[PDB]
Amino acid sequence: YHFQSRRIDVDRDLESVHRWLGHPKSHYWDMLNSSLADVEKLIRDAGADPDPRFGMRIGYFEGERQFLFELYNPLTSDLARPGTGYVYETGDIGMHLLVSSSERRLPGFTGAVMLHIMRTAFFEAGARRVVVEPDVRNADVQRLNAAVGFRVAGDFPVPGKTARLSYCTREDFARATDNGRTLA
């Protein structure tokens, strides 16, 4: 796998993103039964920060959509609730990933996806650190995070969810993956 990505285009991408959010494997996005309008609002809200580095992107391989990722402002997320234990640093960028609902993959799909996302965050969007907050029960994501050098900081409560805060600094990404050449 060698991926490229572009910024999301609501008019063009809405049908696909809505379809992916409806697949049961995407359930941690909590959009299984959503309408097209709901997904349009999700995308437009993700694109509404004043800073253009944030927003959703679509990854491609051989002309076909492969995944969506969001680079988001931690200061407008659950991370920034008082008392979570998150300590904001200038240059922090939050990340979410949504893979397409296709079930036919070559070896190492999600590792190549994550390396692409992380390289984009650091080298295109200027991140100094990537922050994630998956549900503690989402074990698949935890292993994907470990594979690119994330370190767990701890867990924190949100209404109805326990999140696991993990960080990947630009320096740790350099040391652990050779700046995105291999998995940690």
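The numbering used is simple: start at 1 and walk along the sequence shown.
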{"item": "Given 88-96 and 105-113, the range whose Cα B-factors average higher in the PDB entry", "value": "105-113"}
{"item": "Residue range whose averaged C-alpha B-factor is higher in the record, 126-134 or 140-148", "value": "140-148"}
{"item": "Per the PDB entry, maximal CA B factor within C168, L21, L14, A174", "value": "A174"}
{"item": "Most elevated Cα B-factor in the entry, residues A121, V158, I58, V39", "value": "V158"}
{"item": "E70 - Cα temperature factor, lowest/middle/highest third of chain", "value": "lowest"}
{"item": "Third of chain Cα B-factors occupied by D30", "value": "highest"}
